[PDB]
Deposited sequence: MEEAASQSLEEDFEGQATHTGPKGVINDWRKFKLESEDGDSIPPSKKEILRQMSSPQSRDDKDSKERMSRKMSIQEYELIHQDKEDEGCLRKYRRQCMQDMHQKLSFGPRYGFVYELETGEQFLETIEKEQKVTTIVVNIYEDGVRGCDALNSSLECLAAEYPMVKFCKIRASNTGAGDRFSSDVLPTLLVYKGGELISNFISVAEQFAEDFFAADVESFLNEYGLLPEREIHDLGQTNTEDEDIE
């Protein structure tokens, strides 16, 4: 990357240049082309489609390390019987199906390798990674929605944190 070329004045300048590199009416076309070029580079092929179950902490760590530097990974830490969990797991299943480019996973707190660190008080804990680093951490996620919540809800929620692709 080095020197800036997409934002601030620097961007206005390069944008004007790239413009002529296509200009040689013409303005509007370029405006649309900039936006098109972008979605394209941010839209990656749909690899997954299911919520994967991790059994051990070594797996957790292995899924976020060896993942492509552009893939967003939503991990759900839960424990059966704990209210919310099931509803969340139902929603994630529908979401994973709708956003194949995003990798969804689930793992029992007991299997994390951090016992007491995850008490049922903060359970339905949703973690979000990308590029190896943690981007979001939602303790007691179920609190973000009504008692009865569904896919469409969790989607609206994650979308307002800028976590989901394609718009």
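Residues of the deposited sequence missing from the coordinate set occupy positions 1 to 13, 38 to 87, 231 to 246.
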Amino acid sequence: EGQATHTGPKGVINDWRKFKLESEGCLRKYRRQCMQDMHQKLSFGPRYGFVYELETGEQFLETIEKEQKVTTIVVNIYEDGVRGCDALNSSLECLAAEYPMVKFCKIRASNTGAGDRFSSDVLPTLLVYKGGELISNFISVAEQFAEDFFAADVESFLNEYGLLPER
From here on, numbers count along this sequence of modelled residues.
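Stretches compared: 134 to 142, 105 to 113. Higher mean C-alpha B-factor in the entry: 105 to 113. For the pair 148 to 156 and 11 to 19, the mean B factor over Cα atoms is greater in 11 to 19.
Highest C-alpha temperature factor among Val128, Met35, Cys26, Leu54, as the PDB entry reports it: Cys26. Per the PDB record, residue ranking by Cα B-factor puts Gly49 in the lowest third of the chain. For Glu58, the recorded CA B-factor ranks within the highest third of the chain. Only modelled residues enter the ranking.
Residue-level temperature factors show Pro165 in the middle third of its chain, judged at the C-alpha atom.
When all modelled residues of the chain are sorted by CA temperature factor, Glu93 is found within the lowest third.
The entry lists a Cα temperature factor for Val74 that places it in the lowest third of the chain's modelled residues.
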